[PDB]
Amino acid sequence: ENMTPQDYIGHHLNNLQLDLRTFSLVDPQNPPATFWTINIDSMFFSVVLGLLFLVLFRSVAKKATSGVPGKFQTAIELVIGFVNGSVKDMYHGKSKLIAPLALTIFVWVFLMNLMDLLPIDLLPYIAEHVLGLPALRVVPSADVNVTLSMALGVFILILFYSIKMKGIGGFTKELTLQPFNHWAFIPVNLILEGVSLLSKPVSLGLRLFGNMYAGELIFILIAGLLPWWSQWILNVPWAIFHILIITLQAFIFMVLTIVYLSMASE
Amino acid sequence: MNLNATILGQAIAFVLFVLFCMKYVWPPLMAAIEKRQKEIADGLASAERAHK
Amino acid sequence: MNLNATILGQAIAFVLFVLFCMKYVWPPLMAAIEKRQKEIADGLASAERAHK
Amino acid sequence: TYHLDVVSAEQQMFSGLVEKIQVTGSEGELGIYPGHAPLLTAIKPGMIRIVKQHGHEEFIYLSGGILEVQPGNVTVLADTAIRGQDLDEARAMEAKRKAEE
Amino acid sequence: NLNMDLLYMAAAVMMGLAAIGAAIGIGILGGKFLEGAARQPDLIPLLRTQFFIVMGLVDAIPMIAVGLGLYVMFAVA
Amino acid sequence: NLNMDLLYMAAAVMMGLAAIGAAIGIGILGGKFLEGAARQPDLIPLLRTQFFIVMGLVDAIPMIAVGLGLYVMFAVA
Amino acid sequence: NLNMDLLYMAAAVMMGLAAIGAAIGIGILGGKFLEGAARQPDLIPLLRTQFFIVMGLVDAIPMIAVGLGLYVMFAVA
Amino acid sequence: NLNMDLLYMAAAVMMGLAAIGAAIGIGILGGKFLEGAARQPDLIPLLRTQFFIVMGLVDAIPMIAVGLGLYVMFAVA
Amino acid sequence: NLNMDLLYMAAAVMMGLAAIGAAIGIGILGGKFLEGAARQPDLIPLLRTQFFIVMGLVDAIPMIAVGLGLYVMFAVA
Amino acid sequence: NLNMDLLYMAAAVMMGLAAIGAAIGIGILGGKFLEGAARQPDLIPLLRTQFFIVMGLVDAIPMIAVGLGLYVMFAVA
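Below you can see the structure in the form of structure tokens.
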């Protein structure tokens, strides 16, 4: 097996893009060129982790009792109180959407990041040898397409709430008039308030991808370069650090979604 | 990296996990919690009424 | 380079990570769940005092 | 040089002209010298120590107080005790029961 | 060929300078928020509002600068 | 080749230095707003009205630099 | 030469300036946390959650240049 | 005729360094006005007068570099 | 061919700048710990726990840059 | 020939910026030690202990930079 380390690090950074036209499992030696080549690995792992979220919480929500709770049911209501207490801090309106939106974003983006902890060759090896797929990488949030899909999803929510809760009359005042007030400044203000609105979600998704990509790539580099006897002394101090990043990047995507949807209407 | 059709696919999965979570997961859990919190208040009231 | 060697070094580095997680990350969690089942019991006992 | 007072609501403790003092400030130990810019602090329990004119050495223990400085003047408004115990609220507790009994 | 290959160096300059400007500018502004939050802690949801007012002004210029850097790489080059 | 290349570089230095100026200059000014906000919170609607005047001058000069940066990329090419 | 070596020089400029901006901006902000946490040591859970609000905004804009810097080396060069 | 290409670069560095100096100078100077307004708010139209007397001097040298750099870009180039 | 000398320069810029940001940001942050440890010396076990929480964030983006500078010199060059 | 010569310029920028990072960062951290020792002179053997705990983190990065600057200058040369 002619793995040079510069090539081993190469093949790991290739996702399972597949063309709708050919329906063919592409491989890293030659990348085809079209938009329509879904990254198979990301969709499958994203919905399997998303199903595991909903299957766990429903298996408790369908039974959860107001007695002394069981030791599993108590771990679910701790996350429910953490999510509701953070909503209740930063949102006062009546909307039934914000609380469950904030939950699914926290628990799903947490599960997506958690994949980066697993040994970098474990699932990719099994997929090539056992199955025969040309490639795999198993962290969904270490790819842009999922994180911009969530961040543009929240942007459509940001526009729905600012139209709904204050109307086109109010939304047209705030976009033109602020921050300089006088109608003399309107032409400049339309650039500043328009891009600042887009700056909020673009920072959400690219913060999450930027962390996750540059944490998966560190495990690919430490695996690719260092000899086996020596990997653990640079791998173990990094996995211990990235447990902190996987939580904080799930907590911040939750928090800023609430803050943006909350400060949109009120 | 590369922008891709995955951006639409993830947007279907995202909306549908929010809709089943909104109906099924969240209302039955928060009814069950608030039903406990309410009873604690009922116990406190009973202690006040007893003394009076 | 040897590929199976990379999997060997990843195993050693995972084992040492698990052993840190077990001694510094998990007990703070089983502390928290246990101390939120302590609180509930005290409040339920307080309700019995209200009942008396 | 400057004119030091040490006083309490009960009494004058000292008055006289002074070449320097060392005095135990709220955030740390302090020395005051002639013409030192105006200054305000609480003072900790402990010694203030003084040299009078001709550098004659004098030590006073203080339970506490407030120090302040003005051009030509230092005054220490000392008090009898910390007062921060506030255990004398208990002394008001029998003021009630003895009225009810 | 050097025409496009230098443009990646043009966007690197433009959005790198924006990254030092915006991160230090919010770091100063955010520091006066947390010290305001410790002097008047009953007050945080007032001041945080104000922090989000003025942080909307701080980032607007760096975020067009980053956006125009991204445009040079993906569009032009 | 390298005439069109260098115009984009000339816009990168122009918008990069302007993004440092506009970001840092509001960081300092908006932190002094926040500390007068924390000291006298009922007075915020008055200082905010002074913050928007002063802040308009700070960006006024960086924003003719940004306007010439977009001119050099889009219009001269 | 000129294709590959400049793309590493572009990534060096992008992820070096983001190292300046995101480190110093969180040094400035993180010192006001530790000063507030020495003034009001019952507040630290309240101030650290405010610190996590503010630190998210500081790091976001450098993290654009960190992820795109890694794109230029690995995807482009 | 290569001469045109550097003159856009020579106008770019005058207007970028002017935008740094004229934005951070008015940010330091205006931020001490706002603490002066938070202390003594019945004084504000007295302090605005001194702020505009002093802010004209911060902008003496930068409005000349914006002045001559905007010349070089159009008249000479 | 000559190309391999720019790869060391690219790592030098990337790794030195990350040593500016990782050293000063810990110095700012660490001195504010010492100032509060001087004040409340019975709280040295608590503040020293917070310092490691916030210090973990300061050096994060510097750690990526130092890791990519080692990759460039040894692995690529 | 430039494959010898640039490597001394590539090491000079590594051991310049490592020297600005380690000297300013210890000066800020060491000066806060010196005030706390002047205020709290009973505590010096305490603060000196925590100064040496905190000082070894400031130097972790600048000694990567200077050790690679020595390696680049002499080993690869």
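So the sequences go chain by chain: a, X, Y, H, I, Q, P, L, O and N. Residues in the first sequence are numbered consecutively from 4, following PDB author numbering. Residues in the second sequence are numbered consecutively from 1, following PDB author numbering. Residues in the third sequence are numbered consecutively from 1, following PDB author numbering. Residues in the fourth sequence are numbered consecutively from 3, following PDB author numbering. Residues in the fifth sequence are numbered consecutively from 3, following PDB author numbering. Residues in the sixth sequence are numbered consecutively from 3, following PDB author numbering. Residues in the seventh sequence are numbered consecutively from 3, following PDB author numbering. Residues in the eighth sequence are numbered consecutively from 3, following PDB author numbering. Residues in the ninth sequence are numbered consecutively from 3, following PDB author numbering. Residues in the tenth sequence are numbered consecutively from 3, following PDB author numbering. No residue lacks a Cβ here, since even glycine has one placed at the ideal position from N, Cα and C.
- Taking 4 residues as the shortest admissible run, the region 31-70 of chain O contains the following complete alpha helix (DSSP H) segments, listed from N- to C-terminal end: 46-60.
- Residue range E91 to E102 is occupied by the alpha helix (DSSP H) that includes H:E102.
- Using a Cβ-Cβ cut-off of 8 Å, Y:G9 is close to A226, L229, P230, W231, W232, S233, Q234, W235 and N238 of chain a, given in chain order.
- Counting the other Cβ atoms within 10 Å of the Cβ of I:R50 gives 16 or more, which makes it buried.
- P:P47 is outside the set of residues whose beta carbon lies under 8 Å from a beta carbon in chain O.
- Taking a contact as a CB-CB distance under 8 Å, the pair a:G156 and X:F14 counts as one, their CB atoms being some 5 Å apart.
- Taking a cut-off of 8 Å for Cβ pairs, the region 88-97 of chain a and the region 250-267 of chain a touch, as three or more such pairs fall below it.
- For a:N42, the uninterrupted beta strand (DSSP E) segment begins and ends at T40 to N42.
- For the C-beta of Y:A50, the chain X residues within less than 8 Å are, from N- to C-terminus, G43, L44, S46, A47 and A50.
- If the five residues before and after L:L48 are omitted, its C-beta is found closer than 8 Å to no C-beta atom of its own chain.
- Under the DSSP assignment, a:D10 falls in the alpha helix (DSSP H) whose first and last residues are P8 to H15.
- Non-local C-beta neighbours of a:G208 in its own chain, meaning closer than 7 Å and more than five positions away in sequence, comprise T150, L151, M153 and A154, ordered along the chain.
- In the assembly as shown, L:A77 is an exposed residue. Its beta-carbon has fewer than 16 other beta-carbons within 10 Å.
- Here Y:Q37 carries a helix assignment [DSSP, helix/strand/coil].
- Here Q:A79 is not near Q:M16, since their CB atoms are 8 Å or more apart.
- The C-alpha of Y:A11 is placed about 32 Å away from the C-alpha of N:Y73.
- Contacts with chain P at 8 Å (Cβ-Cβ) include O:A67.
- Inter-segment contact for the region 78-85 of chain H and the region 50-70 of chain H is present: three or more beta-carbon pairs are separated by less than 8 Å.
- Closer than 8 Å to the CB of Y:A31 there is not a single CB belonging to chain a.
- The DSSP-derived three-state label of H:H58 is strand.
- Residues are counted here when their Cβ sits less than 9 Å from a Cβ of chain a; for the region 11-29 of chain Y these are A11, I12, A13, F14, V15, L16, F17, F20, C21, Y24, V25 and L29, given in chain order.
- With respect to O:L19, O:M57 sits apart: the two C-beta atoms are not nearer than 8 Å.
- Assignment of H:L6 by DSSP, reduced to helix, strand and coil, places it in the strand class.
- With its beta carbon less than 8 Å from one in chain a, I:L59 belongs to the interface.
- Nearest CB-CB separation between I:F54 and chain Q: not below the 8 Å threshold.
- In terms of Cα proximity to Q:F54, the closest of a:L224, a:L180, a:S206 and a:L200 is a:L180.
- For H:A44, the three-state secondary structure derived from DSSP is strand.
- Taken through DSSP and simplified to helix, strand or coil, X:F17 comes out as helix.
- Checking the DSSP bridge columns, you'll see H:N75 partnered with H:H5 and H:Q72.
- Between the alpha carbons of L:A13 and L:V60 lies a gap of roughly 21 Å.
- DSSP places a:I79 in the uninterrupted alpha helix (DSSP H) bounded by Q76 to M93.
- Taking C-beta atoms as the reference points, Q:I63 and L:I26 fail to come closer than 8 Å.
- In chain order, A40, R41, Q42 and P43 make up the part of chain N whose C-beta sits under 9 Å from the C-beta of H:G30.
- Linking a:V205 to a:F174 through their CA atoms gives a straight-line distance of about 21 Å.
- Three or more beta-carbon pairs separated by less than 8 Å are not found between the region 123-140 of chain a and the region 95-115 of chain a, which leaves the two stretches without contact.
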